[PDB]
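Here is what each chain is made of, one letter per residue.
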Amino acid sequence: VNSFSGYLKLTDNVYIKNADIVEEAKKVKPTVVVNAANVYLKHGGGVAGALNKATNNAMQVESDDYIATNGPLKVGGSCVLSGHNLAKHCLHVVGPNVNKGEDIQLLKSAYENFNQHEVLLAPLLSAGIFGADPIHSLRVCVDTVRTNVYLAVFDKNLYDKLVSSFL
Ligand SMILES: O=C(Nc1ccsc1C(=O)O)c1ccc2c(c1)OCO2
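What comes next concerns the included structure.

Calculation notes
Residues numbered from 1 in each chain as written, not as in the entry; some residues may be left out. Heavy atoms only, no water. Helix = DSSP H or I, 4+ residues; strand = E, 2+ residues; numbered from the N terminus. Rg over C-alpha atoms; globule rule 2.2 N^0.38 Å. Buried < 20%, exposed > 50% of the residue type's maximum accessible area, 1.4 Å probe, protein only. Areas by Shrake-Rupley, 256 points an atom, 1.4 Å probe, with all protein chains shown as cover. Pairing = 2+ DSSP bridges.

Scanning the protein chain from N- to C-terminus turns up six helices and seven strands. Listing every helix and strand of the protein chain by position from the N terminus yields β-β-α-β-α-α-β-β-α-β-α-β-α. Relative to a compact globule of 167 residues, whose C-alpha radius of gyration would be 15 Å, the protein chain shows 15 Å and is just as compact. A principal-axis box enclosing the C-alpha atoms of the protein chain has dimensions of 45 × 35 × 30 Å. Burial analysis of the protein chain (167 residues in total) assigns 51% to the buried set. When the accessible area of the protein chain is evaluated, it comes to approximately 8,100 Å², of which 52% is carbon and sulfur surface.

Set out below in structure tokens:
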């Protein structure tokens, strides 16, 4: 039993809710919140910009030190950093950005990072400003993640379309 509330159950391990991931994280304080990161951990907009703003830019400060030490992530890769005031940890995961021409096949590799964590609060990878089809992202999530994932979908219209079209 966990404290996630109001989710629709899609499969044995995948759950979904129309919610602002920032507000969800502040309420639940999950062990892991997933960020929709880029390889430079520049958290300018989309989910990343919102999560970083909620940390009063502490996420960005920590991220800049991470990059200065380690260099950029790989597309499809991840790193674990602090969750600040939102979660114990933040798993920064880089899905492919279609608006940069990146290979959508890398979306499966990106979701594989979730399997290293027993329970996660997450957005749909490569959705929103990353330009992929969110219906496809949900399909890859369900077919790749085996750990318990709670998906937060900001847009109510999109949430309804994701539920109604789910096979
Ligand atoms: O980019 C966002 N979400 C996202 C990303 C890929 S899918 C997806 C979704 O919610 O379906 C996002 C979430 C919450 C926000 C925000 C942006 O700005 C203020 O609060």
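Burial runs high along strand 5 (residues 89-93): four of the five residues are buried. When strand 4 (residues 78-82) meets strand 5, the two strands line up antiparallel, connected through five bridges. Note that in strand 5 the partner of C79 across the bridge is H92. Between strand 4 and the antiparallel strand that follows it, strand 5, lie six residues; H84 among them carries a positive phi value of about 55 degrees.

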